[PDB]
Amino acid sequence: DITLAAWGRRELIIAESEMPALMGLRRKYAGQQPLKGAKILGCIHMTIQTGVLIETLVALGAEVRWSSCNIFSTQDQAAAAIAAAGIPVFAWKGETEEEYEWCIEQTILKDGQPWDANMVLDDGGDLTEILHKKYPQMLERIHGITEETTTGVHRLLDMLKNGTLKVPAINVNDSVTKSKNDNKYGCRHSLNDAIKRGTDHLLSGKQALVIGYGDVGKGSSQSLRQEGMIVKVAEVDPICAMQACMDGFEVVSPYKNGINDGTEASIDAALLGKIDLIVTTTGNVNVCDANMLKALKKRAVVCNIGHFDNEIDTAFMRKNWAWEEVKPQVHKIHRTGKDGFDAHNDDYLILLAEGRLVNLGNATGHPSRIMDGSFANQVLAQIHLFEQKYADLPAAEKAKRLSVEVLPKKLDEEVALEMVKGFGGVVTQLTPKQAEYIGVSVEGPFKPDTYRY
Amino acid sequence: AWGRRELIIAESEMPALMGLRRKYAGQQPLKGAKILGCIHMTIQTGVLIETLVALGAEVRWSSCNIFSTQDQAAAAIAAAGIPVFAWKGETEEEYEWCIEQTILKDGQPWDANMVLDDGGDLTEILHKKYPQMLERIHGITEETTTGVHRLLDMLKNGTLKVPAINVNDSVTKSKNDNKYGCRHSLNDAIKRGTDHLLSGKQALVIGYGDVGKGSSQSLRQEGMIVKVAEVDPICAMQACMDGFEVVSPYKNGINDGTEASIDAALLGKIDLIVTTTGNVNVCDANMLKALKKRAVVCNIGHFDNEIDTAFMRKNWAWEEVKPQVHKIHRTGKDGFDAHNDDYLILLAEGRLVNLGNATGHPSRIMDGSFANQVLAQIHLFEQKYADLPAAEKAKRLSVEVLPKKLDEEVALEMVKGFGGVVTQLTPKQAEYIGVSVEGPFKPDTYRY
Amino acid sequence: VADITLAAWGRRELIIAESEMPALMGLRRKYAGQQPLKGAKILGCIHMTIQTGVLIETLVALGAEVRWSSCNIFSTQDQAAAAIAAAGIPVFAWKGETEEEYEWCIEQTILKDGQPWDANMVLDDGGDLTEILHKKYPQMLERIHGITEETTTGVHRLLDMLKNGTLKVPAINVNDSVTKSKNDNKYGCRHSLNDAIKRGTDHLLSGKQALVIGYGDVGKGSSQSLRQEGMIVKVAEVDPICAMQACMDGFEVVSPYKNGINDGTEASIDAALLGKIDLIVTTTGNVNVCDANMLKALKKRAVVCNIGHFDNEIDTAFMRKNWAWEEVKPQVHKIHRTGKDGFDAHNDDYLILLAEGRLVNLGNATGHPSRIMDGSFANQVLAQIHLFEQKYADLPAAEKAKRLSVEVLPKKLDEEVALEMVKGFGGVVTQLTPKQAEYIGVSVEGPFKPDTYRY
Amino acid sequence: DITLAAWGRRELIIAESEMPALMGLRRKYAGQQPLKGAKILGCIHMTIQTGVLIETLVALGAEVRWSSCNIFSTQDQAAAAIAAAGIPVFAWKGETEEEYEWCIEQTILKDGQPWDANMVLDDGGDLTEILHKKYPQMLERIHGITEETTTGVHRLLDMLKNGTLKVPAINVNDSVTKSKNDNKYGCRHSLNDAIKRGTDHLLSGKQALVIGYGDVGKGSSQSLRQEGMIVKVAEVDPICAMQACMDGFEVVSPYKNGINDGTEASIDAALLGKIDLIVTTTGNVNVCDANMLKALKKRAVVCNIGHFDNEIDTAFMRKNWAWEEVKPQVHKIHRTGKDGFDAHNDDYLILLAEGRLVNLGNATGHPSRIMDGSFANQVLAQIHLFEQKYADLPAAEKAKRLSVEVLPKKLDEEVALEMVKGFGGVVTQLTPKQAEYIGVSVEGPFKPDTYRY
Ligand SMILES: NC(=O)c1ccc[n+]([C@@H]2O[C@H](COP(=O)([O-])OP(=O)(O)OC[C@H]3O[C@@H](n4cnc5c(N)ncnc54)[C@H](O)[C@@H]3O)[C@@H](O)[C@H]2O)c1
Ligand SMILES: NC(=O)c1ccc[n+]([C@@H]2O[C@H](COP(=O)([O-])OP(=O)(O)OC[C@H]3O[C@@H](n4cnc5c(N)ncnc54)[C@H](O)[C@@H]3O)[C@@H](O)[C@H]2O)c1
Ligand SMILES: NC(=O)c1ccc[n+]([C@@H]2O[C@H](COP(=O)([O-])OP(=O)(O)OC[C@H]3O[C@@H](n4cnc5c(N)ncnc54)[C@H](O)[C@@H]3O)[C@@H](O)[C@H]2O)c1
Ligand SMILES: NC(=O)c1ccc[n+]([C@@H]2O[C@H](COP(=O)([O-])OP(=O)(O)OC[C@H]3O[C@@H](n4cnc5c(N)ncnc54)[C@H](O)[C@@H]3O)[C@@H](O)[C@H]2O)c1
Ligand SMILES: Nc1ncnc2c1ncn2[C@@H]1O[C@H](CO)[C@@H](O)[C@H]1O
Ligand SMILES: Nc1ncnc2c1ncn2[C@@H]1O[C@H](CO)[C@@H](O)[C@H]1O
Ligand SMILES: [K+]
Ligand SMILES: [K+]
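Structure determination for this entry is recorded as cryo-EM, at 2.89 Å resolution.

Engineer: Would you explain the coordination of the potassium ion (ligand 7) in this entry?
Structural biologist: All names here are of chain A. Coordination of the potassium ion (ligand 7) by the protein involves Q49 (OE1), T364 (OG1) and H366 (O), with metal-donor separations of 2.5 to 2.7 Å. Along the chain, the residues donating to the potassium ion (ligand 7) are arranged with the sequence spacing Q-x314-T-x1-H. Of the two residues, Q49 sits in helix 4 (residues 48-59) while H366 sits in the loop between strand 14 (348-352) and helix 16 (368-386), which places them 317 residues apart along the sequence. Since its relative accessible area comes to 4%, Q49 is described here as buried. By relative accessible area, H366 is classed as buried at 16%.

Engineer: Would you mind going over the interface of chain D and chain A with me for this structure?
Structural biologist: A common way to report how large an interface is uses the accessible area buried once the components associate. Facing the 11 residues of chain D at the interface are 12 residues of chain A. Considering only the side of chain D, the residues that lose the most area to chain A are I230, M246 and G248 of chain D, jointly responsible for 41% of the buried surface there. Run the count over chain D and chain A and you get one salt bridge. The shortest N-O distance in the salt bridge between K274 of chain D and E250 of chain A comes to 3.5 Å. At the boundary of chain D and chain A, one finds three residue pairs in polar contact. Its residues placed into classes, the side of chain D that touches chain A shows four nonpolar, five polar and two charged.

Engineer: Before we go on, may I ask you to explain the interface of chain B and chain A in this structure?
Structural biologist: Taken residue by residue, the interface counts 60 residues in chain B and 60 residues in chain A. Regarding the contact of chain B and chain A, the summed buried area is about 5,700 Å², with carbon and sulfur atoms giving 62% of it. For the pair chain B and chain A, the number of links is three salt bridges. Residue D232 of chain B pairs with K447 of chain A through a salt bridge whose shortest N-O separation is 3.0 Å. Along the contact surface separating chain B from chain A lie 13 residue pairs in polar contact. For the side of chain B that touches chain A, the elements supplying multiple residues, two or more each, are helix 7 (171-194), helix 8 (210-220), helix 9 (233-241), helix 15 (404-418) and helix 16 (427-433) of chain B. Of all the elements, helix 9 of chain B adds the most residues to the side of chain B that touches chain A, at eight residues. Across the side of chain B that touches chain A, the residue classes tally to 30 nonpolar, 17 polar and 13 charged.

Engineer: Is there a simple way to think about the sheet that holds strand 8 (residues 279-282) of chain C in this case?
Structural biologist: To summarise the sheet geometry, strands pair through backbone hydrogen bonds and adopt either a parallel or an antiparallel arrangement. Taken in spatial order, the seven strands of this open sheet run 7-6-8-9-12-11-10 (chain C), and their pairing is mixed. The open sheet has two edge strands with one neighbour each: strand 7 (232-236) and strand 10 (324-329) of chain C. Strand-to-strand twist of the sheet, defined as the mean angle between neighbouring strand axes without regard to direction, takes the value 25°. As judged from the two bridges shared by strand 9 (residues 303-306) of chain C and strand 12 (residues 350-353) of chain C, these two strands associate in the parallel manner. Bridge pairing in strand 12 of chain C links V304 of chain C to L353 of chain C. Most of the contacts of helix 1 (residues 4-17) of chain A go to strand 10 of chain C, to which it runs at about 105°, and overall it touches strand 10, strand 11 (332-336) and strand 12 of chain C.

Parameters and conventions
Residues numbered from 1 in each chain as written, not as in the entry; some residues may be left out. Chains lettered and ligands numbered in written order. Heavy atoms only, no water. Donors = N, O, S within 2.8 Å, 3.2 Å for Na, K, Ca; no water. Helix = DSSP H or I, 4+ residues; strand = E, 2+ residues; numbered from the N terminus. Buried < 20%, exposed > 50% of the residue type's maximum accessible area, 1.4 Å probe, protein only. Contact = heavy atoms within 4.5 Å. Buried area = accessible area lost by both parts, 1.4 Å probe. Salt bridge = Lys/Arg side-chain N within 4 Å of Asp/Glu carboxyl O. Polar contact = N/O pair within 3.5 Å; in protein donor to acceptor, adjacent residues only side chain to side chain. Nonpolar A, V, L, I, M, F, W, Y, C, P; charged D, E, K, R; others polar. Pairing = 2+ DSSP bridges. Axes fitted to C-alpha atoms, helices over the stretch in contact; angles between N-to-C directions.

Spelled out as structure tokens, the structure:
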């Protein structure tokens, strides 16, 4: 379908007014054109907030090839707007696992020849793995790697220890305006909006359980508390559990004594018989096991917010229990049956997004004003690695240039200022008598690298 | 009489210390530790300094930070026969007499191994005046910020070959005091000092650090329309996200000193100004004389130079209602008839809240403060310094911050105190993230 | 009517919905066998939706027969009526939308072939049935026991009609009830406003500045929705008492006019306050509460929404000839404030409106969630049983002049609905002890509070 | 040490700007002198803000005598300010009840002869019953009685039902400035202050129980939630218990299945072993029983914001459990020991506000700016009753003139407008065209008499 081209154009115009920090590059850095001949490829979710990134990159003179990393992430009006520039590009939502690979494989080929790529944009680390294992000759003129999310970073870390890593990498996720802006406040806007779009229930007075208290979990739990639920949290890391205790929640283990023995007798079935909704944030293997999932209340909602679907055991339910569909990203799953179910039965569960990313699945995603801070960091990081020309310096210099890297604080503050001025806010200036007092210039970093904010 | 009663309570609202004690009892991993302690006596350290010496340990204590010394803890200790006074002497001449009768009891010096210095002032004399004793030490524990700068630069300058460990950078130390300590204490104190209605009016808070983050919620949760001022763009970014309004006392924020630079329109509509930063002259005198009538002035930022009190004293007169609350009148240096319109009010002295209205935070907040240092001590005594050869030490030299493992063991007992429970991992699951069932779950770059 | 085979989808659509109405189901289960409504004959005219079908299916389960239609023109969901019609109850709600059918539907509802029907109860949804019953078929008024109405506009008509003597059989209104008013007004918009905003514009709602005109019972719910998301909001009002509550709840009270008076000249507008507001919400029923001069002073790229009923609460007539209109999505619009004759797409000074003075909650939403609509329909089921026990119609002509009166819903029947809604959340209420009740002076069965208690 | 009266006056003299309506009362009726030396007797727990009313009454030309209502609310330093103004007072904190009742009868009799009285102020009906069972020849002289609180309205209605009530009264709880303003926000502002001032504990992450969800219940719950607590709500009325679910609170019952029958096995020992703070807000005879506190967890803290001490079975705690006083307002209650104890026990109890009322027993109490409207209507009701002089009416007409009435609309609207202007708000004036259309006068009653506000 091609109708959505005009609709996305109006949304982008309103989106541009909502991203003052990223739009500043189109006026300041459009003069010297820092990026010339930087052939790169990208992979993160495609929303209207992603469209302006490709727009500015094309405007500055760079060219990209792009793809989505999750099945239920694509916004059909955002993808059509980028295709309106005449590029033949294919991307959509709701495809099988085999079709998901077929799009990535089309990205890195041009009718027979691999792309002459120099840098990458990869979240999760999927496309990272294919290029190392399947096409060893792709990484021959690569300068760096730009990674957005946490799951990718762990993919990068172990590959340094084994020596398979061959090029330096930058971790944009560590910037303060990414993890303290996108992970925390991004999910708070989107979670409860996505939930109410699917079930269309009244959230006031119900009970919910959230697993994990990381940066995503904080915003998710706030997004549910601000609607009127009663929320409880579980955690393995005592620091996060302490934060949960001091933020006004209750902490509990879904297994007896907090020890997952493996048998059904170790499940605290009493407490799980009073829970109406489950959200999983951990991004780990099997944090919602099949033995747990058979002890929940009738007509209970299950959803996942982590990047991968290893959090809930959807494999067991497909082999034992029956499935029926209500609407996209909504399912009904009866118990004690495989061949069929009674039409008037009341013993069933309901699943959202099939255990995948729910807020991009059942909703639009994070607002345009939040991704502004997460994208200027990426664009600045792209420059900071291009001029170094890692493909050209001699191997005698390569052995010392391969080290951990991250953007400095001044480049982050130059984005934070333009974001703050977008709201109509004002930032004061220090007199010289005060600037010399604290050891910080009138213009420069006000905090060290150890500061946690 | 009453000084013996609070000890039972003090044992009762410290879950972590008693949990560690009952975990390590029987085994007694450490016996006859030679900690020479000098941190200020407080109501929480009473048991582990008087019970042990009553059973027969017979180890003396002292107070380095005399300004923070409280007579209540000393009176609680005084119920025993230990010759300790901790009196408010405040004179050096009589103080030297007390010192000499403590180091030696039976005529011989005691084999002190570690000094508990959190001031870093006497640590550069005596023990370094003759290096004979310096060959038998274990470590050092300092808490004050910018006070360890002396240790750090006389380490880099090359006059020390001893690594130092910092207790302040611990994760549990940051959130308990910087963020969660202020949110509980500010809202109670601001109302306790004046008994006003924090609803419908407008307030102005300066800075959006950890203290500012804690203060803004303590004011906004009651219905006060709060505004924030900040020089750091990142803190202002967090200010805009939490739902606050960011403004500037100066026209476009440029402080020229002339009267035509102050935006006097806003200052006449604002009902409160409070300072949370640590910078100098943040409350300027030019905007001080252009506030709305009958505003309240507050300060918590540990610095007395934030508000221009000198200009205020030389131009405006005070009224001493009591030594705990001060009123100030803007009519002139004297001559108020009975009650006028032009006046302001000050909390305690303008300097600190800790002048006597309230001390610190409730014991549950300060549970972790003393918990980290005792684990730092237990870690050092597990291994003997003289048994490690000096060869391979010089072959592998590095400086490392406190391991995350010791801090997690603090929070486990403290979460268990509230009634929660923490799930144990499975061997198959723990290999996906690359950390064992008990190992540190986060890298050192991760910001909690 | 379309396909009868598609009623199967409506069947399971009702079945899934049934899980979220505990009160209706509790009253259905408890009254089985006792049969309160045996022999009753009911007429209904409420707009046909999913929950409406629940109302019809729960009325017929207790032993009553019903005939149904729709008072409204545009409000009809064809899926739900098919299920009930297949179940075996005569239904006549469809989307004709033609003037010829409007005259045909009214007489056909009661008269089928020339022989009048033996009606005994009426449910009206605005007062249309009440008018035609007393004015055009007075011959059958002797057999009707009473009428129940849930809308205030029909209540005023009913009361004005009472004085003229045209009313002949009693009626009961339910709008003033607690479980009707608070659920329909406050919780209804608190859940829906911020959901409707975020589906329309997708804007980062936290950090921006909003204005709310009015603090009525709807206004409080609309104002609480925004403050929990992360905005800053302002309140404007004309009533001193209800304005005093906003100051205590943590707001700031302002006016769009200088000194509060409106002389009608350009100098009376406060531009120091309208220049920073990007969201304005009107929660009144009055006319022209937002004048054309406020629309010339608003900040660029602002959002306006109306939650009343009329296109006359805000000055759309001033924008109907001076400004240009452009459509963004199904129900959001752009209004460019640079002129009339043409406009480029890269304009800055435009404005954004939601549904222009019309319903915002039927255009792209399903309105109130199904749990609140439980409380509106479960109040009307108890009234019909109450009127049935009184037995007005069969009384002698002498005693018919003493029973006739207008009365509000009794407090005890009000408390019955609330009991079976708390148990839907798993809530367990406490039962009074005989020793305790006599100390307070209320019955163990209830009620517990006076009739003028301000809830 | 009476000399604290100077400090009391100095504290009192700076609270004038918080009460605009009470000031405007003088700025409107100083030129008429309505009381003209009328004799006003009353009873209420006195404070600085009641001292403002007392000094206003004295400045209006009258002379009053005043007694205390609660043991803990003497406020010797605050009462000394009025005591130095020639008005004798008889109160002493911590006094035995026999001395208090001997003091109460002291002011009734002056030189062996009953003092003159024209109006009476009352709190809780304690003085009214004394007047009705002692010197019954006193009621005929009194012209009117002004009283407050929900309980007092019930007492007056019961008296009217018995038919023995004379000298009609005026109900002030009906007015908005007293019901939905004083009752809700006074607790929300004072409860946390009092408990944190008395106990100094941390009020984040713990569990508490609040019984009843009326106006005072609707107010006291928010202060606990905003401090980070997780609290539970129970009540007997379905209507008010429904509101708790919609506000986001959780509903339980101390008894199994909701049926109480008086046996030890009928209570639910599960939830009671978790709650640590109990605030009871019903003002009844018995909301908790003897066996409720046997299942209570160790070291809980008790509270009472009702009207009487009946709501705790203090008689049960007196016969079997010994009391030993160690610290004012905070002392220990043992659970199993009698006439002796072991050296150490972990099973004692912590008490606050023994039997009597919190806040104004352990703190300053209700603040000044909130109680502007209450005292404003308190004075204006006396003015209104004075505008309907008695002892001039026809004898045959007196029988049919007696009726029950409530304060009209415009007076309360003017009081509210006075309070609005004190915060800086501006109220819009309705246009003449909008008066014709809606059908309300420009300044008259805007709400129908049945509005629930
Ligand atoms: N959808 C989005 O917009 C988005 C954004 C960022 C990150 N993510 C995803 O979120 C996930 C985690 O993000 P993060 O930055 O919050 O991670 P994080 O590392 O900061 O925190 C994860 C938490 O899980 C806890 N945990 C681990 N195993 C547990 C168990 N069995 N039970 C309870 N707690 C357990 C850890 O202690 C930790 O506190 C990743 O999969 C990442 O890709 C999604
Ligand atoms: N309350 C306590 O118990 C306690 C204990 C120790 C220290 N402190 C004090 O707390 C102070 C601040 O605490 P923190 O570490 O959370 O703050 P911080 O160190 O994180 O930063 C304070 C903020 O003030 C801002 N600031 C500086 N100059 C400013 C100016 N002219 N105008 C506006 N804003 C300005 C800075 O940008 C910064 O954001 C420290 O200076 C320290 O002395 C308090
Ligand atoms: N859309 C919905 O979901 C919904 C729900 C219930 C009711 N309603 C209807 O919409 C309206 C909602 O109002 P309500 O039920 O809360 O009644 P209400 O009478 O309590 O509200 C009237 C409010 O408007 C204020 N007001 C009146 N004229 C004003 C003016 N010129 N400027 C400023 N403030 C002014 C009054 O002070 C008062 O606060 C009613 O007409 C009601 O029938 C709509
Ligand atoms: N400072 C103070 O101490 C102070 C201040 C103001 C008011 N009050 C008290 O407030 C009370 C009035 O509150 P209100 O105005 O909300 O009146 P209210 O009658 O509406 O509230 C009392 C509530 O208790 C509930 N209830 C009755 N018996 C119960 C039981 N056994 N268990 C549980 N719930 C039960 C009722 O359903 C009702 O909701 C009075 O008792 C008065 O003494 C005290
Ligand atoms: N609207 C969005 N557009 C693009 N990426 C997004 C959006 N919302 C979240 N993400 C990214 O998705 C990743 C994992 O879900 C995160 O790194 C986050 O930055
Ligand atoms: N400090 C106070 N001063 C005056 N009235 C108060 C105070 N605290 C509570 N009240 C009132 O006392 C009554 C019951 O305590 C209520 O009407 C309440 O509003
Ligand atoms: K979005
Ligand atoms: K007081």
